[PDB]
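J.: Before I ask anything, here is the structure I am working with.
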Amino acid sequence: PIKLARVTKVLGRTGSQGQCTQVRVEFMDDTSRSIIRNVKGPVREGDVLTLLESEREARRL
Amino acid sequence: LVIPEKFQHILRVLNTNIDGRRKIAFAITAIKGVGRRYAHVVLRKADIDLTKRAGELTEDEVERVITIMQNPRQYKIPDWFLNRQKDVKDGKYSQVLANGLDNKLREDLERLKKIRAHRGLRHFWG
Amino acid sequence: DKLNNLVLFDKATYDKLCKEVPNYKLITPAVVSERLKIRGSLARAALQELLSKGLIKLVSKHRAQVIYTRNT
Amino acid sequence: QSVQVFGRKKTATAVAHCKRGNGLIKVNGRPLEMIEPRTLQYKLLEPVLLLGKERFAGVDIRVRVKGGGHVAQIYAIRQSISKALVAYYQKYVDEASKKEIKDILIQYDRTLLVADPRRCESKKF
Amino acid sequence: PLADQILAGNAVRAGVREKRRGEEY
Amino acid sequence: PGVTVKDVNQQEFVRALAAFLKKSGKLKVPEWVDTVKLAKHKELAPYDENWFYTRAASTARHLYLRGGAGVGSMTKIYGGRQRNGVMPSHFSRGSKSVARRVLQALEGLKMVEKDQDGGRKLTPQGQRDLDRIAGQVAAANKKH
Amino acid sequence: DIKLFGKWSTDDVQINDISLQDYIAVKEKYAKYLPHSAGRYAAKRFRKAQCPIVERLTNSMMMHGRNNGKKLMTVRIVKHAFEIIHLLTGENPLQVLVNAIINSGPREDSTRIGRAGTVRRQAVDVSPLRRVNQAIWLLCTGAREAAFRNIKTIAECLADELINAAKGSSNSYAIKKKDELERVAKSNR
Amino acid sequence: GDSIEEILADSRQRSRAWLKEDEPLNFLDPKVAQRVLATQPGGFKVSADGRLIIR
RNA sequence: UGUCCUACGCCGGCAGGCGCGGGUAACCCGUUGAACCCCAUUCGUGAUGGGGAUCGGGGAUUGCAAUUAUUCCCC
């Protein structure tokens, strides 16, 4: 099932070359789930994201 | 329009094949000695409509193209426009097309070899 | 493979143009030549014939692109 | 009585002269619909179409351009035509008309009144 | 602190870096 | 109230002016008209067989706009880009004799005379001819 | 009404995707007459989100060197492309275009990392702006490599690319390139 | 020559003009000469007391 | 940009000749009529009207001198 998420704040850019940024998202169906994800490209607050699988929380150092 | 009943796919001109699909201003260029520039003024002196393909020209107007491009000087083709100017042997102005182009080029090579000029020796060695 | 597009209309494909091309919803020199297998020189020369015969509406005239359409 | 303004692009400078008339616009002696790049015809006609044909009916504008290129002159022509009208409606029409012209003419495209401060960068040793 | 050290090793540092790149008359 | 040259399409005006000059039959067309390139930077000869009239028409229209133009000025107008083989291209002028023979041919039409401070300008009868033809240009285009 | 090219209306364009409302900019405030504006849409971050969607199309067809600079030619192409799209399909060519940007956006991508030799991939999500930056790029390279050596004019290769993408067909270059980006990302969770 | 900046000083070419661009410029305004210009537009030790130190 | 930049007239198809003027220069070249660009025509996926190398023949110019092609033009 496809799931949409709205970001809340941008934590910082990760990756070896800084090709990703790590952002905290919040859902649309129920504003209780808040998972952490990695995204590439320009991201700002209020962006709506399409998550293919909303099960695992992304992680990098 | 349609193909005429007497349309030619391949035209035999000066012992080479002239393609009938190509336009008459540029199908003539298949024979050596004529180019995009010589064949345009030849078809202008012959008063032939250039929109025609080379295939639907009948036997009448294809033979007056030849007697123009083999014999250019009596149709006011100017003296500067010809490729074979004053010859070494017989100084006169002409336009060599099919095998005359290759024979004159070969003759200009062996003339420079027999006299052992620098230009003829470097053609031989190279 | 290599294209052997005809440079003049034969009898079979000339009829095929005059009963099918004015019902395509798009008529263009380039889309006619892909399906009728003719050169683009005649592919545009056949359409000015059909335009003068009133079988096709003109949409745009340009030196790069020409666009044609059915009547109804 | 008349108003003499200017509008500019990279090097294409325009000057426009607007006075009482019946609504003819000329550039270099040619009409507005005969200016050579016909692809960008709407950029010449934007201040006329945004405002309306009736609003230009009380003014005749004659524009002269020199310098620049084919599209740099169109961007200077459309600037000085609109800038000539907002100056004419200020000095000889009430400011309420001038405020409402300057309102809808900025919200469309800001380059019709305030120029683009972009010019070619020099090279140094 | 242990929890401060773990959370610093789990998240990404960000913030300070200043990159210097790049009319009236 | 009469339309002028500047108020109509310049492309349609040359097609109308060259069609006027051909129908008159009084232009003096040189003999080498069918055998010359009209610029040293051309690969071929003109496609149109009646290229002399459209060159003649475009000469009169250019003389109306900015007068006092000589042979050297009109070769600069009709110059283009010369692709110098594998070397980078440059700007090259047109052929002077074609530009000259047009100006002689317009003089025989009693349309162009010399200028005391330079090259050539238009006759008062010349400008009467061009402004009349702009009338038929706008009537068949802007009134249809 | 301010219409594109004088004959295409921006009123009826409805964007189906919630994520791309802020970034596909064709509505009543961004409706312009022509896709030429010479606007400074790249002097600040996320400035180009407010650029109209058709101007971003014409800026991306100015590509591969020989066409770098020629924008009056590319606005000529998108003018002819919309007049073909109206002919084949019959509705607003702006509606076909905004369906193409939605369907050609990769929703999930992968990044390449490697410490010493072992170069492996991790799947990351795609920002809504890059979903448009990738979508315009894939349709423009779709139409460019479509013809390049045949009799098809680029005006009708670009129309046949935007129509196929809006239908969601696999005949698109954009859909085929999007799906293999999705297929690699699924394998690299 | 007697303003504060001119007196406290640490001590082809004349044809250059600067147009200024507000209300749009009108060349037929009688007060337009205001909006054209002829030239360019636009350390000791302190004690702990705050007194200056001069040497 | 310059006392070497050139305008104009005549001749030749072109390179190129003959004559007569302006400018020590925001004064003449020069309203610096630039090229891509824009609008029409022909071509139609073909090592093709793409690409121009390498060659043959001739003509013109600078130089004491052009051969190992000074350079330019035509086929």
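Ordering of the structure tokens sets the chain letters (A, B, ...); residue numbers start at 1 within each chain; ligands are numbered from 1 in the order shown.
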Would you kindly report the residues of chain E within 12 Å of chain A, using only C-alpha atoms, as a VMD selection string?

T.: chain E and resid 6 to 16

J.: Could you write out the selected residues, including N, CA, C and O atoms, as a short mmCIF file (atom, residue, chain, number, x, y, z; two decimals), in the first residue's frame?

T.:
```cif
data_model
loop_
_atom_site.label_atom_id
_atom_site.label_comp_id
_atom_site.auth_asym_id
_atom_site.auth_seq_id
_atom_site.Cartn_x
_atom_site.Cartn_y
_atom_site.Cartn_z
N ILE E 6 25.20 8.10 22.69
CA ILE E 6 24.52 7.23 21.73
C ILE E 6 23.75 8.06 20.71
O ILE E 6 23.85 7.83 19.49
N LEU E 7 22.97 9.04 21.18
CA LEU E 7 22.16 9.86 20.28
C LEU E 7 23.03 10.72 19.37
O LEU E 7 22.64 11.01 18.23
N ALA E 8 24.20 11.15 19.85
CA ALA E 8 25.14 11.83 18.97
C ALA E 8 25.70 10.89 17.91
O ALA E 8 25.99 11.32 16.79
N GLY E 9 25.87 9.61 18.25
CA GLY E 9 26.32 8.62 17.29
C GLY E 9 25.22 8.04 16.43
O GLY E 9 25.52 7.24 15.53
N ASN E 10 23.97 8.41 16.67
CA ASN E 10 22.86 7.95 15.86
C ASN E 10 22.34 9.00 14.89
O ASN E 10 21.86 8.63 13.81
N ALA E 11 22.42 10.28 15.23
CA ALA E 11 21.95 11.36 14.38
C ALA E 11 23.12 11.98 13.63
O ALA E 11 24.28 11.59 13.78
N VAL E 12 22.80 12.98 12.81
CA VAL E 12 23.78 13.64 11.95
C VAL E 12 23.97 15.07 12.43
O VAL E 12 23.00 15.79 12.69
N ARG E 13 25.23 15.47 12.56
CA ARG E 13 25.56 16.87 12.79
C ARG E 13 25.16 17.70 11.58
O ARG E 13 25.20 17.24 10.43
N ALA E 14 24.77 18.94 11.84
CA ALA E 14 24.33 19.85 10.79
C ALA E 14 24.66 21.27 11.22
O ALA E 14 25.39 21.50 12.19
N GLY E 15 24.12 22.23 10.48
CA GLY E 15 24.18 23.61 10.93
C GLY E 15 25.24 24.47 10.28
O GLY E 15 25.09 24.90 9.14
N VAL E 16 26.33 24.70 11.00
CA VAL E 16 27.27 25.77 10.64
C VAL E 16 28.17 25.32 9.49
O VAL E 16 28.94 24.36 9.60
#
```

J.: Report as an MDAnalysis selection string the set of chain D residues whose atoms approach chain G to within 10 Å, with distances computed over only C-alpha atoms.

T.: chainID D and resid 37 39:43 45:46 49:50 71 75 107:111 116 118

J.: Could you save those same residues with N, CA and C atoms as a short mmCIF file (atom, residue, chain, number, x, y, z; two decimals), in the first residue's frame?

T.:
```cif
data_model
loop_
_atom_site.label_atom_id
_atom_site.label_comp_id
_atom_site.auth_asym_id
_atom_site.auth_seq_id
_atom_site.Cartn_x
_atom_site.Cartn_y
_atom_site.Cartn_z
N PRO D 37 10.66 39.53 -34.93
CA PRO D 37 10.42 38.17 -34.41
C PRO D 37 8.96 37.96 -34.06
N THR D 39 7.49 35.20 -33.29
CA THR D 39 7.25 34.24 -32.22
C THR D 39 6.98 34.95 -30.90
N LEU D 40 7.76 35.97 -30.58
CA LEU D 40 7.55 36.78 -29.38
C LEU D 40 6.64 37.96 -29.68
N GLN D 41 5.51 37.72 -30.34
CA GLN D 41 4.60 38.82 -30.60
C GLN D 41 3.82 39.18 -29.35
N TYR D 42 3.56 38.19 -28.49
CA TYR D 42 2.75 38.44 -27.31
C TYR D 42 3.50 39.26 -26.28
N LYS D 43 4.83 39.17 -26.25
CA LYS D 43 5.58 40.03 -25.34
C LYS D 43 5.46 41.50 -25.71
N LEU D 45 2.63 42.65 -27.03
CA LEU D 45 1.23 42.94 -26.81
C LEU D 45 0.76 42.68 -25.39
N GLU D 46 1.66 42.31 -24.48
CA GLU D 46 1.23 42.08 -23.10
C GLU D 46 0.70 43.34 -22.41
N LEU D 49 -2.78 43.96 -23.89
CA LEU D 49 -3.80 42.97 -23.57
C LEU D 49 -4.13 42.91 -22.09
N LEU D 50 -3.15 43.13 -21.21
CA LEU D 50 -3.41 43.14 -19.78
C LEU D 50 -4.33 44.30 -19.40
N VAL D 71 15.82 39.85 -29.27
CA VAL D 71 14.89 39.65 -28.17
C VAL D 71 15.16 40.64 -27.05
N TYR D 75 12.17 43.11 -25.16
CA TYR D 75 12.01 43.27 -23.72
C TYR D 75 12.16 44.72 -23.31
N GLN D 107 1.90 42.63 -10.71
CA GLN D 107 1.56 41.26 -10.34
C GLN D 107 1.66 40.30 -11.51
N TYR D 108 1.55 40.79 -12.75
CA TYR D 108 1.75 39.91 -13.89
C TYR D 108 3.23 39.59 -14.05
N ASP D 109 4.03 40.62 -14.31
CA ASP D 109 5.44 40.43 -14.58
C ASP D 109 6.18 41.69 -14.17
N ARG D 110 7.14 41.53 -13.26
CA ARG D 110 7.80 42.66 -12.63
C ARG D 110 8.74 43.42 -13.56
N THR D 111 9.05 42.87 -14.73
CA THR D 111 9.97 43.53 -15.64
C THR D 111 9.31 44.56 -16.53
N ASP D 116 15.65 44.87 -15.41
CA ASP D 116 16.43 43.70 -15.03
C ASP D 116 17.88 44.14 -14.86
N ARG D 118 20.80 42.91 -15.02
CA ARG D 118 21.72 41.88 -15.46
C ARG D 118 22.46 42.36 -16.70
#
```

J.: Quick one: everything within 6 Å of range 16-20 of chain H, counting only C-alpha atoms (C1' of nucleotides), minus sequence neighbours fewer than 3 positions away in the same chain. Send it as a short mmCIF file (atom, residue, chain, number, x, y, z; two decimals) with N, CA and C atoms, in the first residue's frame.

T.:
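What ended up in around-v2.cif:
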```cif
data_model
loop_
_atom_site.label_atom_id
_atom_site.label_comp_id
_atom_site.auth_asym_id
_atom_site.auth_seq_id
_atom_site.Cartn_x
_atom_site.Cartn_y
_atom_site.Cartn_z
N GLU E 24 19.87 51.04 -8.69
CA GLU E 24 19.23 52.34 -8.56
C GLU E 24 19.69 53.34 -9.62
N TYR E 25 20.92 53.20 -10.10
CA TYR E 25 21.47 54.10 -11.11
C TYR E 25 21.83 53.30 -12.35
N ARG H 35 17.11 64.27 -11.24
CA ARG H 35 17.26 62.83 -11.29
C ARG H 35 18.37 62.41 -12.26
N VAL H 36 19.20 63.35 -12.71
CA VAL H 36 20.42 63.04 -13.44
C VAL H 36 21.60 63.61 -12.66
N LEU H 37 22.70 62.88 -12.65
CA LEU H 37 23.85 63.21 -11.82
C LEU H 37 25.08 63.38 -12.69
N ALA H 38 26.12 63.98 -12.12
CA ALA H 38 27.34 64.21 -12.88
C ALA H 38 28.56 63.45 -12.36
#
```

J.: Env of residue 7 in chain I: 12 Å cut, atoms = only C-alpha atoms (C1' of nucleotides), seq-sep filter 2 positions within chain, self excluded. Answer as a PyMOL selection string.

T.: (chain F and resi 68-73+117-119) or (chain I and resi 5+9+20-23+28-30)

J.: Take the residues from that selection and write them out as a PDB file, in the first residue's frame, keeping N, CA and C atoms (P, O5', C5', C4', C3', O3' and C1' of nucleotides).

T.:
```
ATOM      1  N   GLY F  68      21.491  56.975 -49.928  1.00  0.00           N
ATOM      2  CA  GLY F  68      22.916  57.211 -50.037  1.00  0.00           C
ATOM      3  C   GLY F  68      23.775  55.971 -50.017  1.00  0.00           C
ATOM      4  N   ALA F  69      23.247  54.833 -50.453  1.00  0.00           N
ATOM      5  CA  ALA F  69      23.980  53.578 -50.409  1.00  0.00           C
ATOM      6  C   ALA F  69      24.636  53.280 -51.750  1.00  0.00           C
ATOM      7  N   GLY F  70      25.913  52.906 -51.694  1.00  0.00           N
ATOM      8  CA  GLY F  70      26.682  52.577 -52.870  1.00  0.00           C
ATOM      9  C   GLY F  70      26.795  51.076 -53.076  1.00  0.00           C
ATOM     10  N   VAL F  71      27.674  50.708 -54.014  1.00  0.00           N
ATOM     11  CA  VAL F  71      27.906  49.294 -54.308  1.00  0.00           C
ATOM     12  C   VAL F  71      28.532  48.598 -53.110  1.00  0.00           C
ATOM     13  N   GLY F  72      29.507  49.246 -52.479  1.00  0.00           N
ATOM     14  CA  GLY F  72      30.139  48.653 -51.314  1.00  0.00           C
ATOM     15  C   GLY F  72      29.199  48.502 -50.136  1.00  0.00           C
ATOM     16  N   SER F  73      28.235  49.411 -50.004  1.00  0.00           N
ATOM     17  CA  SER F  73      27.274  49.308 -48.915  1.00  0.00           C
ATOM     18  C   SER F  73      26.290  48.173 -49.152  1.00  0.00           C
ATOM     19  N   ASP F 117      26.095  63.592 -52.501  1.00  0.00           N
ATOM     20  CA  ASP F 117      26.932  63.396 -51.328  1.00  0.00           C
ATOM     21  C   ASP F 117      27.333  61.945 -51.120  1.00  0.00           C
ATOM     22  N   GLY F 118      27.197  61.098 -52.137  1.00  0.00           N
ATOM     23  CA  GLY F 118      27.532  59.699 -51.977  1.00  0.00           C
ATOM     24  C   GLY F 118      27.094  58.817 -53.124  1.00  0.00           C
ATOM     25  N   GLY F 119      26.380  57.745 -52.799  1.00  0.00           N
ATOM     26  CA  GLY F 119      25.985  56.756 -53.777  1.00  0.00           C
ATOM     27  C   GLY F 119      24.662  57.067 -54.438  1.00  0.00           C
TER      28      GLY F 119
ATOM     29  P     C I   5      45.441  49.134 -41.426  1.00  0.00           P
ATOM     30  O5'   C I   5      43.942  49.450 -40.988  1.00  0.00           O
ATOM     31  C5'   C I   5      42.876  49.353 -41.918  1.00  0.00           C
ATOM     32  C4'   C I   5      41.718  50.236 -41.529  1.00  0.00           C
ATOM     33  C3'   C I   5      40.512  50.177 -42.451  1.00  0.00           C
ATOM     34  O3'   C I   5      39.667  49.083 -42.149  1.00  0.00           O
ATOM     35  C1'   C I   5      41.052  52.438 -41.986  1.00  0.00           C
ATOM     36  P     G I   9      28.522  53.936 -55.974  1.00  0.00           P
ATOM     37  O5'   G I   9      29.302  54.379 -57.289  1.00  0.00           O
ATOM     38  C5'   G I   9      28.925  55.548 -57.997  1.00  0.00           C
ATOM     39  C4'   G I   9      29.883  55.846 -59.121  1.00  0.00           C
ATOM     40  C3'   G I   9      30.207  54.690 -60.049  1.00  0.00           C
ATOM     41  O3'   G I   9      29.202  54.468 -61.021  1.00  0.00           O
ATOM     42  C1'   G I   9      32.199  55.812 -59.456  1.00  0.00           C
ATOM     43  P     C I  20      43.310  60.435 -59.527  1.00  0.00           P
ATOM     44  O5'   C I  20      42.123  61.052 -58.665  1.00  0.00           O
ATOM     45  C5'   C I  20      41.136  61.875 -59.267  1.00  0.00           C
ATOM     46  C4'   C I  20      39.892  61.939 -58.419  1.00  0.00           C
ATOM     47  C3'   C I  20      40.111  62.341 -56.971  1.00  0.00           C
ATOM     48  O3'   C I  20      40.220  63.742 -56.802  1.00  0.00           O
ATOM     49  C1'   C I  20      38.722  60.428 -57.058  1.00  0.00           C
ATOM     50  P     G I  21      40.858  64.335 -55.456  1.00  0.00           P
ATOM     51  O5'   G I  21      39.615  64.430 -54.467  1.00  0.00           O
ATOM     52  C5'   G I  21      39.806  64.437 -53.063  1.00  0.00           C
ATOM     53  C4'   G I  21      38.556  64.013 -52.341  1.00  0.00           C
ATOM     54  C3'   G I  21      38.689  63.863 -50.837  1.00  0.00           C
ATOM     55  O3'   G I  21      38.592  65.098 -50.155  1.00  0.00           O
ATOM     56  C1'   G I  21      37.630  61.952 -51.710  1.00  0.00           C
ATOM     57  P     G I  22      39.541  65.395 -48.898  1.00  0.00           P
ATOM     58  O5'   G I  22      38.806  64.661 -47.693  1.00  0.00           O
ATOM     59  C5'   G I  22      37.449  64.946 -47.388  1.00  0.00           C
ATOM     60  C4'   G I  22      36.955  64.083 -46.257  1.00  0.00           C
ATOM     61  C3'   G I  22      37.935  63.884 -45.114  1.00  0.00           C
ATOM     62  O3'   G I  22      37.923  64.959 -44.192  1.00  0.00           O
ATOM     63  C1'   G I  22      37.058  61.793 -45.762  1.00  0.00           C
ATOM     64  P     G I  23      39.301  65.535 -43.608  1.00  0.00           P
ATOM     65  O5'   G I  23      39.560  64.654 -42.308  1.00  0.00           O
ATOM     66  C5'   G I  23      38.524  64.425 -41.364  1.00  0.00           C
ATOM     67  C4'   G I  23      38.764  63.150 -40.597  1.00  0.00           C
ATOM     68  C3'   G I  23      40.166  62.980 -40.040  1.00  0.00           C
ATOM     69  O3'   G I  23      40.352  63.657 -38.813  1.00  0.00           O
ATOM     70  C1'   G I  23      39.532  61.011 -41.168  1.00  0.00           C
ATOM     71  P     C I  28      32.070  62.596 -39.380  1.00  0.00           P
ATOM     72  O5'   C I  28      32.947  61.595 -40.254  1.00  0.00           O
ATOM     73  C5'   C I  28      33.228  61.869 -41.619  1.00  0.00           C
ATOM     74  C4'   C I  28      34.027  60.756 -42.247  1.00  0.00           C
ATOM     75  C3'   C I  28      33.517  59.350 -41.975  1.00  0.00           C
ATOM     76  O3'   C I  28      32.506  58.965 -42.890  1.00  0.00           O
ATOM     77  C1'   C I  28      35.867  59.450 -41.610  1.00  0.00           C
ATOM     78  P     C I  29      31.374  57.909 -42.467  1.00  0.00           P
ATOM     79  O5'   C I  29      32.124  56.503 -42.483  1.00  0.00           O
ATOM     80  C5'   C I  29      32.575  55.929 -43.701  1.00  0.00           C
ATOM     81  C4'   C I  29      33.611  54.859 -43.461  1.00  0.00           C
ATOM     82  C3'   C I  29      33.146  53.629 -42.699  1.00  0.00           C
ATOM     83  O3'   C I  29      32.517  52.680 -43.545  1.00  0.00           O
ATOM     84  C1'   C I  29      35.237  54.388 -41.846  1.00  0.00           C
ATOM     85  P     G I  30      30.918  52.629 -43.689  1.00  0.00           P
ATOM     86  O5'   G I  30      30.385  53.079 -42.260  1.00  0.00           O
ATOM     87  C5'   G I  30      28.993  53.246 -42.023  1.00  0.00           C
ATOM     88  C4'   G I  30      28.725  53.882 -40.682  1.00  0.00           C
ATOM     89  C3'   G I  30      29.185  55.331 -40.538  1.00  0.00           C
ATOM     90  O3'   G I  30      28.264  56.042 -39.716  1.00  0.00           O
ATOM     91  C1'   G I  30      30.260  53.995 -38.912  1.00  0.00           C
TER      92        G I  30
END
```

J.: Determine, counting only C-alpha atoms (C1' of nucleotides), which protein, DNA and RNA residues have an atom within 12 Å of an atom of residue 44 in chain A; residues of the same chain fewer than 4 positions away are not included. Present the result as a VMD selection string.

T.: (chain A and resid 6 to 12 21 to 25 39 to 40 48 to 49) or (chain G and resid 22 45 to 46 127 to 129)

J.: Give me the residues near residue 62 in chain G as a ChimeraX atom specification, where near means some atom within 12 Å (using only C-alpha atoms (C1' of nucleotides)) and where sequence neighbours in that chain fewer than 4 positions away do not count.

T.: /G:55-58,66-78,137,140-141,144

J.: Report the distance between CA of residue 100 in chain D and CA of residue 22 in chain D in Å, rounded to one decimal place.

T.: 22.0 Å

J.: Give me the residues near range 103-116 of chain B as a ChimeraX atom specification, where near means some atom within 10 Å (using only C-alpha atoms (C1' of nucleotides)) and where sequence neighbours in that chain fewer than 5 positions away do not count.

T.: /B:84,87-88,96,98,121-124 /I:55-57

J.: Based on the selection just made, write N, CA, C and O atoms (P, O5', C5', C4', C3', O3' and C1' of nucleotides) of those residues as a PDB file, in the first residue's frame.

T.:
```pdb
ATOM      1  N   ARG B  84      38.810  21.422 -67.225  1.00  0.00           N
ATOM      2  CA  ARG B  84      39.999  21.206 -68.042  1.00  0.00           C
ATOM      3  C   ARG B  84      40.217  22.449 -68.889  1.00  0.00           C
ATOM      4  O   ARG B  84      39.650  22.588 -69.973  1.00  0.00           O
ATOM      5  N   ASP B  87      45.310  22.729 -71.960  1.00  0.00           N
ATOM      6  CA  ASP B  87      46.033  21.486 -71.743  1.00  0.00           C
ATOM      7  C   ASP B  87      47.521  21.713 -71.909  1.00  0.00           C
ATOM      8  O   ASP B  87      47.955  22.700 -72.506  1.00  0.00           O
ATOM      9  N   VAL B  88      48.310  20.791 -71.370  1.00  0.00           N
ATOM     10  CA  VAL B  88      49.742  20.821 -71.632  1.00  0.00           C
ATOM     11  C   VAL B  88      50.009  20.487 -73.092  1.00  0.00           C
ATOM     12  O   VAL B  88      50.768  21.181 -73.775  1.00  0.00           O
ATOM     13  N   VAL B  96      35.970  17.157 -69.134  1.00  0.00           N
ATOM     14  CA  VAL B  96      36.131  15.712 -69.253  1.00  0.00           C
ATOM     15  C   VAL B  96      35.277  15.027 -68.193  1.00  0.00           C
ATOM     16  O   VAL B  96      35.247  15.459 -67.036  1.00  0.00           O
ATOM     17  N   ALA B  98      33.701  11.045 -68.085  1.00  0.00           N
ATOM     18  CA  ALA B  98      33.476   9.682 -67.614  1.00  0.00           C
ATOM     19  C   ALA B  98      34.771   8.898 -67.465  1.00  0.00           C
ATOM     20  O   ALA B  98      35.138   8.494 -66.359  1.00  0.00           O
ATOM     21  N   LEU B 121      57.346  12.339 -58.123  1.00  0.00           N
ATOM     22  CA  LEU B 121      58.042  11.300 -57.376  1.00  0.00           C
ATOM     23  C   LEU B 121      57.346  11.025 -56.054  1.00  0.00           C
ATOM     24  O   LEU B 121      57.278   9.876 -55.608  1.00  0.00           O
ATOM     25  N   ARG B 122      56.816  12.066 -55.418  1.00  0.00           N
ATOM     26  CA  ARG B 122      56.139  11.877 -54.144  1.00  0.00           C
ATOM     27  C   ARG B 122      54.762  11.255 -54.333  1.00  0.00           C
ATOM     28  O   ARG B 122      54.229  10.640 -53.405  1.00  0.00           O
ATOM     29  N   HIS B 123      54.165  11.420 -55.513  1.00  0.00           N
ATOM     30  CA  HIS B 123      52.984  10.637 -55.861  1.00  0.00           C
ATOM     31  C   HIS B 123      53.319   9.165 -56.022  1.00  0.00           C
ATOM     32  O   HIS B 123      52.548   8.295 -55.601  1.00  0.00           O
ATOM     33  N   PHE B 124      54.455   8.865 -56.653  1.00  0.00           N
ATOM     34  CA  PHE B 124      54.857   7.478 -56.856  1.00  0.00           C
ATOM     35  C   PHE B 124      55.195   6.798 -55.539  1.00  0.00           C
ATOM     36  O   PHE B 124      54.691   5.707 -55.250  1.00  0.00           O
TER      37      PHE B 124
ATOM     38  P     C I  55      47.626  16.241 -51.350  1.00  0.00           P
ATOM     39  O5'   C I  55      47.334  15.457 -52.696  1.00  0.00           O
ATOM     40  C5'   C I  55      47.205  16.161 -53.914  1.00  0.00           C
ATOM     41  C4'   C I  55      46.277  15.459 -54.866  1.00  0.00           C
ATOM     42  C3'   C I  55      46.096  16.148 -56.201  1.00  0.00           C
ATOM     43  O3'   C I  55      47.172  15.921 -57.088  1.00  0.00           O
ATOM     44  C1'   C I  55      43.988  15.547 -55.358  1.00  0.00           C
ATOM     45  P     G I  56      47.908  17.172 -57.764  1.00  0.00           P
ATOM     46  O5'   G I  56      47.133  17.346 -59.137  1.00  0.00           O
ATOM     47  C5'   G I  56      46.936  16.234 -59.991  1.00  0.00           C
ATOM     48  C4'   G I  56      45.953  16.552 -61.085  1.00  0.00           C
ATOM     49  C3'   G I  56      46.088  17.922 -61.716  1.00  0.00           C
ATOM     50  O3'   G I  56      47.121  17.983 -62.679  1.00  0.00           O
ATOM     51  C1'   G I  56      43.830  17.523 -61.210  1.00  0.00           C
ATOM     52  P     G I  57      47.992  19.319 -62.820  1.00  0.00           P
ATOM     53  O5'   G I  57      47.021  20.317 -63.583  1.00  0.00           O
ATOM     54  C5'   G I  57      46.535  19.997 -64.875  1.00  0.00           C
ATOM     55  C4'   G I  57      45.430  20.923 -65.310  1.00  0.00           C
ATOM     56  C3'   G I  57      45.689  22.408 -65.171  1.00  0.00           C
ATOM     57  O3'   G I  57      46.561  22.939 -66.144  1.00  0.00           O
ATOM     58  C1'   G I  57      43.529  21.935 -64.402  1.00  0.00           C
TER      59        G I  57
END
```

J.: If you run DSSP over the backbone, which residues in chain H end up strand (DSSP E or B)? Put them as a ChimeraX atom specification.

T.: /H:18-19,36-37,45-46,52-53

J.: One decimal, Å: what's the distance from CA of residue 12 in chain H over to CA of residue 39 in chain H, could you say?

T.: 13.0 Å

J.: Can I get the residues of chain I within 9 Å of chain G, each with the closest pair of atoms and their distance in Å to one decimal, using only C-alpha atoms (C1' of nucleotides), sorted chain first then ascending number, as a Markdown table?

T.:
```
| residue | atom | partner | partner_atom | distance |
| --- | --- | --- | --- | --- |
| I:36 | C1' | G:70 | CA | 8.8 |
| I:37 | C1' | G:70 | CA | 7.8 |
| I:38 | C1' | G:72 | CA | 9.0 |
| I:44 | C1' | G:151 | CA | 6.7 |
| I:45 | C1' | G:150 | CA | 5.2 |
```

J.: Work out how far apart CA of residue 125 in chain G and CA of residue 43 in chain A are and give it in Å to one decimal.

T.: 10.8 Å

J.: Give me, as a ChimeraX atom specification, the contact residues of chain D against chain F at a cut-off of 8 Å, counting only C-alpha atoms.

T.: /D:29-31,34

J.: Just to be explicit: take each residue in the selection above, keep N, CA, C and O atoms, and write the result as a compact mmCIF listing (two decimals), in the first residue's frame.

T.:
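Okay, part.txt is ready:
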```
# COMPACT_ATOMS: atom_id res chain seq x y z
N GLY D 29 8.94 53.75 -36.47
CA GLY D 29 8.12 54.01 -37.63
C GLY D 29 7.29 52.84 -38.11
O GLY D 29 6.51 53.01 -39.05
N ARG D 30 7.40 51.68 -37.48
CA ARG D 30 6.62 50.53 -37.87
C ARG D 30 5.58 50.21 -36.82
O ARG D 30 5.78 50.50 -35.64
N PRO D 31 4.46 49.61 -37.20
CA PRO D 31 3.44 49.23 -36.21
C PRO D 31 3.95 48.18 -35.25
O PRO D 31 5.00 47.57 -35.43
N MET D 34 4.32 44.50 -36.71
CA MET D 34 5.27 44.20 -37.78
C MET D 34 6.70 44.08 -37.28
O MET D 34 7.63 44.04 -38.08
```
